[PDB]
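Worksheet: one structure, shown below.
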Amino acid sequence: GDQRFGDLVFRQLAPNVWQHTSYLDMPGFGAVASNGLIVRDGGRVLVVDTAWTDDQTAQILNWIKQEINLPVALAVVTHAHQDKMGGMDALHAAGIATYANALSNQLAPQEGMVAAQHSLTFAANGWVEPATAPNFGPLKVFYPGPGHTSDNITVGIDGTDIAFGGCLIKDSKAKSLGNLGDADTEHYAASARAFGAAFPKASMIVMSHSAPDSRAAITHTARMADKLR
Ligand SMILES: O=C(O)[C@H]1CCCN1C(=O)C(CS)CS
Ligand SMILES: [Zn+2]
Ligand SMILES: [Zn+2]
Numbered sequence: 042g043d044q045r046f047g048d049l050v051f052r053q054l055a056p057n058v059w060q061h062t063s064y065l066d067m068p069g070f071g072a073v074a075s076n077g078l079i080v081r082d083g084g085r086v087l088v089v090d091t092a093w094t095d096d097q098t099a100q101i102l103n104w105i106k107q108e109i110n111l112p113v114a115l116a117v118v119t120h121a122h123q124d125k126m127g128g129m130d131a132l133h134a135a136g137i138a139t140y141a142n143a144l145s146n147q148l149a150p151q152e153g154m155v156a157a158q159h160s161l162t163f164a165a166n167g168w169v170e171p172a173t174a175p176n177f178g179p180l181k182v183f184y185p186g187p188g189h190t191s192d193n194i195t196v197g198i199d200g201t202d203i204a205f206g207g208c209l210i211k212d213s214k215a216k217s218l219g220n221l222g223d224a225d226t227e228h229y230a231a232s233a234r235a236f237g238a239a240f241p242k243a244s245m246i247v248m249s250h251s252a253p254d255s256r257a258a259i260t261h262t263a264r265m266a267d268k269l270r
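Counting from 42, one number per residue, gives the positions in the sequence shown under the entry's author numbering.
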């Protein structure tokens with residue numbers, strides 16, 4: 042279930058995988074949830090996405106210390122928006138190595154974010170260049186093309202049924218495709234489909250602004266994105 046830890050929520054998704062959830066008032070929209078992931082890889086922990094704020098992100102690290110009690114080797118953030126990179130300083134204060142798409146690091150200052158320390162680059166087929174993602178263990182990082190943003194990246198967790206679409210994917214029951222302020226409306230549908238094709242066996246799709254869902258999240262998101270063109 043949903044473990045409440047201060048103002049955050051944690052949910053175990055698999056033996057070594059948890060979802061972190063944090064909330065921010067978006068004046069005119071209410072308190073918006075954002076999800077990321079925590080993965081135990083043997084004797085270390087890997088984080089996908091910060092919380093919205095430094096204070097919330099320090100609480101993620103607090104929860105990890107209580108519930109896992111192993112060092113956080115690295116974090117990867119999935120685009121330069123506040124829900125994914127707003128807590129970078131908390132990671133850096135904690136001594137955690139940080140990674141983002143090169144383009145996310147380029148965009149970070151203008152988006153009001155602190156850049157990650159390290160930049161990922163991607164091959165033509167979308168897979169991360171392995172030299173740029175050293176020691177990523179089971180995290181398989183894929184750039185699906187521009188969609189939710191120009192820099193959005195996605196992450197599969199090897200050894201599990203899980204793939205993380207970040208803010209690119211909404212759930213199968215979503216009424217509409219939101220969070221589109223920086224979206225690439227022409228390429229969105231293809232990028233959503235490319236995410237699905239990159240992780241063809243993943244049966245649990247995790248995303249920033251919906252609870253985990255089946256692969257119908259991907260098909261439904263892509264279908265709605267077809268209407269943006
Ligand atoms: O408000 C929007 O449309 C876009 C563009 C600016 C940030 N954004 C978001 O939705 C937030 C979550 S509220 C980050 S994914
Ligand atoms: Zn975003
Ligand atoms: Zn988001």
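Here a beta-carbon is modelled for each residue, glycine too, at the ideal position from N, C-alpha and C.
| Contact under 8 Å by Cβ, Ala131 with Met154 | no
| task | Just the C-alpha distance for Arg270 and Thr119, rounded to the nearest angstrom, thanks. | result | 24 Å
| Within 8 Å, strictly: CB atoms of residue 320 and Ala74 | Given a span of 42 to 270 for the chain in the structure shown, any question on residue 320 remains unanswerable.
| Say the cut is 7 Å; is the CB of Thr262 nearer than that to a heavy atom of ligand 2? | No, since every heavy atom of ligand 2 falls outside the 7 Å radius drawn around the Cβ of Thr262.
| What number of angstroms, rounded off, separates the C-alpha of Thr62 from the C-alpha of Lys181? | Distance between the alpha carbons of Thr62 and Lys181 is about 21 Å.
| Should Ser244 be labelled buried (16 or more other beta-carbon atoms within 10 Å of its own) or exposed? | exposed
| task | With hydrogens ignored, establish whether the beta-carbon of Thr190 is closer than 7 Å to any heavy atom of ligand 2. | result | yes
| task | Give the secondary structure of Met248 by DSSP, where H, G and I count as helix, E and B as strand, and everything else as coil. | result | coil
| Heavy atom of ligand 2 less than 7 Å from the Cβ of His120, yes or no? | yes
| Would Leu161 pass as a contact of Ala143 if the rule is Cβ separation under 8 Å? | yes
| What do you reckon, is the C-beta of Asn220 under 7 Å from a heavy atom of ligand 1? | yes
| request: Would you kindly check if the distance between the Cβ of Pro187 and the Cβ of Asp225 is under 8 Å? | output: Yes, the pair counts as a contact, with Cβ atoms nearer than the cut-off.
| field | Assigned exposure category for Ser232 - 16 Cβ within 10 Å defines buried | value | buried
| message | Beta-carbon within less than 7 Å of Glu227's beta-carbon, same chain only, minus the 5 sequence neighbours each way: which residues are those? | response | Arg270
| request: Tell me, please, which residues DSSP counts as bridged to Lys181. | output: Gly197
| task | Kindly identify the DSSP beta-bridge partner or partners of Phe51. | result | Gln44 and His61
| query | Hey, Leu49 and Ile101: beta-carbon distance below 8 Å or not? | reply | yes
| task | Could you check which residue in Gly222, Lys214 and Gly207 has the C-alpha nearest to that of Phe236? | result | Minimum Cα-Cα distance from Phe236 among the listed residues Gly222, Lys214 and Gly207 corresponds to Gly207.
| Do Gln151 and ligand 1 come close, with the Cβ less than 7 Å from some heavy atom? | no
| Same chain, Cβ closer than 7 Å to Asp95, neighbours up to 5 away in sequence not counted | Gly128, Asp130 and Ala131
| task | For the region 85-160, list the alpha helix (DSSP H) runs that are entirely contained and at least 4 residues long, ordered along the chain. | result | 95-108, 123-126, 129-134 and 143-152
| task | Give me the Cβ distance between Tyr140 and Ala174, rounded to the nearest whole Å; I'm assuming they're in contact under 8 Å. | result | 7 Å
| said: Quick check on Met67: buried or exposed, where buried means 16 or more other Cβ atoms within 10 Å of its Cβ? | reply: exposed
| Does the Cβ-Cβ distance between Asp212 and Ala258 come in under 8 Å? | Closer than 8 Å, so yes.
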